Amino acid sequence: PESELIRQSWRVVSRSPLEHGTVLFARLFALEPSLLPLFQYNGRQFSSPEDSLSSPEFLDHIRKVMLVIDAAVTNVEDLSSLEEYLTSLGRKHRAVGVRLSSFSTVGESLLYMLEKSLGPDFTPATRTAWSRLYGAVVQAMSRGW
Ligand code: HEM
Ligand SMILES: [Xe]
Ligand SMILES: [Xe]
Ligand SMILES: [Xe]
Ligand SMILES: [Xe]
């Protein structure tokens, strides 16, 4: 039942992944501005959250995130088939200054974006399913630490 909730809710999001991931990252930086400095291109720091929105490379980073979530949605019944990628993804993260405790804020910004996108269709069952999927994803990436 849960996998079908995940695939049905994702369907709307995946049609316009940059618009939706823009919402996730805007929210992430409103909640935790101290993450902003981790996204550096040409050795420069964004001053404000809206600076990140004007950067091709940052907008490219978002498309890559939404592609990886999409991979997790396509493989929701068996993530074992994705676990090796995520563990390496995790490693890339720990190496670039990312803290494990930052994962909860990222998950809440994902849930926020899904809830804002889905509206009445974001039933507690959908919230719970996504929170379980995100938790499995974070488990795998935590190995890389
Ligand atoms: C724990 C909170 C997280 C923080 C603070 C964080 C931060 C970062 C940073 C700073 C980068 C490097 C960006 C660049 O140089 O272009 C990155 C890359 C990336 N992140 Fe996250 N991240 C988090 C969690 C996640 C999660 C849960 C996912 C979903 C699986 C994800 C997906 C990705 C992908 C696909 C890349 C690109 C990896 C590559 O280019 O090889 N991140 N992340
Ligand atoms: Xe943003
Ligand atoms: Xe990717
Ligand atoms: Xe995410
Ligand atoms: Xe996820």
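Residues: numbered from 1 along the sequence shown.
Between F103 and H93, the two ring planes are tilted [angle within 30° to 60°]. The aromatic rings of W130 and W10 are tilted relative to each other, their planes meeting at an angle between 30° and 60°. Using a 30° and 60° split on the angle between ring planes, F58 and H61 fall in the parallel class, below 30°.
Two residues are said to be in side-chain contact when any heavy atoms from C-beta on lie closer than 4.5 Å; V65 and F25 meet this criterion. At a threshold of 4.5 Å between non-hydrogen side-chain atoms, the residues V106 and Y134 count as touching. In this structure the side chain of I69 reaches within 4.5 angstrom of the side chain of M66, judged on heavy atoms. Looking only at side-chain heavy atoms (C-beta outward), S117 and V23 stay at 4.5 Å or farther from each other.
Formation of a donor-acceptor pair under 3.5 Å by the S55 side chain with backbone atoms of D51 is not found in this model. A distance-only check finds a donor-acceptor pair linking the side chain of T74 to the backbone of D70 [under 3.5 Å]. One N or O on the side chain of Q40 and one on the backbone of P37 form a donor-acceptor pair closer than 3.5 Å.
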| query | Are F39 and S52 close enough, and set up right, to give a side chain to side chain contact (heavy atoms under 4.5 Å, CB included), and what steps lead you there? | reply | CA-CA 8 Å; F39 297 89; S52 67; over 6 Å; no

| said: Go through it in stages, so that I can follow the logic: the residues are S9 and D121, the test is side chain to side chain contact (heavy atoms under 4.5 Å, CB included), and I'd like the CA-CA distance, side-chain angles, deciding distance and then a yes or no. | reply: CA-CA 8 Å; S9 55; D121 299 351; over 6 Å; no

| Intermediate values then yes/no, salt bridge (charged side-chain N to carboxylate O under 4.0 Å, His left out), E115 and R127 | CA-CA 8 Å; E115 172 193 353; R127 193 211 161 289; over 6 Å; no

| said: Go through it in stages, so that I can follow the logic: the residues are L133 and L79, the test is side chain to side chain contact (heavy atoms under 4.5 Å, CB included), and I'd like the CA-CA distance, side-chain angles, deciding distance and then a yes or no. | reply: CA-CA 9 Å; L133 182 73; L79 287 156; 3.6 Å; yes

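Summarising the geometry, atom CZ belonging to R27 is positioned 10.5 Å from atom OG1 belonging to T105; distances are rounded to the nearest 0.5 Å. Note that OG of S101 is 8.5 Å distant from CD of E32, once rounded to the nearest 0.5 Å. Separation of atoms CG (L118) and CG (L111) is listed at 11.0 Å; rounding is to 0.5 Å. Atom CG of residue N75 and atom OG of residue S3 lie 11.0 Å apart, to the nearest 0.5 angstrom. Here the OG1-CE distance, from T22 to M113, works out to 10.0 Å after rounding to the nearest 0.5 Å. Taking OH from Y85 and CE from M141, the interatomic distance works out to 8.0 Å, rounded to the nearest 0.5 Å.
Residue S142 comes nearest to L100 through the heavy atom pair CB-CD2, 3.6 Å, listed as atom of the first residue, atom of the second, then distance. Nearest heavy atom pair, residue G90 against residue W145, reads O-CZ3, 3.3 Å. In this structure, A30 and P33 approach most closely via the heavy-atom pair O-CD, 4.3 Å. When all heavy atoms of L36 and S48 are compared, the closest pair comes out as CD2-C, 3.5 Å.
Using a 4.5 Å cut-off between side-chain heavy atoms of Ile, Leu, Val, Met, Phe, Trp and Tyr, with links allowed through other members, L24 and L31 fall into different hydrophobic clusters. Cluster annotation: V12 and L114 are assigned to the same hydrophobic cluster (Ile/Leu/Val/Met/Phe/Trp/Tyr, side-chain heavy-atom contacts under 4.5 Å, transitive).
Partner of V68 under the side chain to side chain contact (heavy atoms under 4.5 Å, CB included) criterion, chosen from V137, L82, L86: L86.
Between the side chains of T123 and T126, at least one donor N or O sits under 3.5 Å from an acceptor N or O.
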